[PDB]
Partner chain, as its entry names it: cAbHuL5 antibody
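Next up: just one chain, as structure tokens, the form deposited without the partner chain.
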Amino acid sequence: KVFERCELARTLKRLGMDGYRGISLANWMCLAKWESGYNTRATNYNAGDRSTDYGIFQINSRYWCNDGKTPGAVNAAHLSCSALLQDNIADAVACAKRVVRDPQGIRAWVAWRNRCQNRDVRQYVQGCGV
């Protein structure tokens, strides 16, 4: 599914992402925009390390979800990567909150650093009523 901007914003609000581990809703919005353009079916194969990024948040199969074909993903995850390609983003959100529980926080996504960090991200939530 390709979300509309404000439709996603209200959905993330409801799933309790606003201020999760100090990260504002505008920051998660900024992240989804640059990673997948708000598309839950987005997939990116990394030929260099043979891993794949999945879904709206582009979560990687080496440490977070299991897809079986990634080398050195030596078990660990238990969530199937397939769960991150659903139209319902509940699992993807549960997973993104897991990721930021680590020290790096939102900085774990290099796209966040390139495109959102130290920037005015208010634009992503402007007019959504959240």
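Numbering follows the first chain given and starts at 1.
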Exercise for the section: Check the entry's C-alpha temperature factors for 119-127 and 1-9, then say which stretch has the higher mean. Expected result: 119-127
Exercise for the section: Would you mind comparing 106-114 and 16-24 for me and telling me which has the higher average C-alpha temperature factor in the entry? Expected result: 106-114
Completion exercise
One of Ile59, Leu31, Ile89, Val74 has the largest Cα B-factor in the entry, namely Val74
Handout entry: For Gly48, the third of its chain into which the C-alpha B factor falls
Key = highest
Fill in the blank from the handout: Binned into thirds over the chain's modelled residues, the C-alpha B-factor of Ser82 lands in the middle
Exercise for the section: State the tercile, meaning the lowest, middle or highest third, of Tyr63 with respect to the CA B-factors recorded for its chain. Expected result: highest
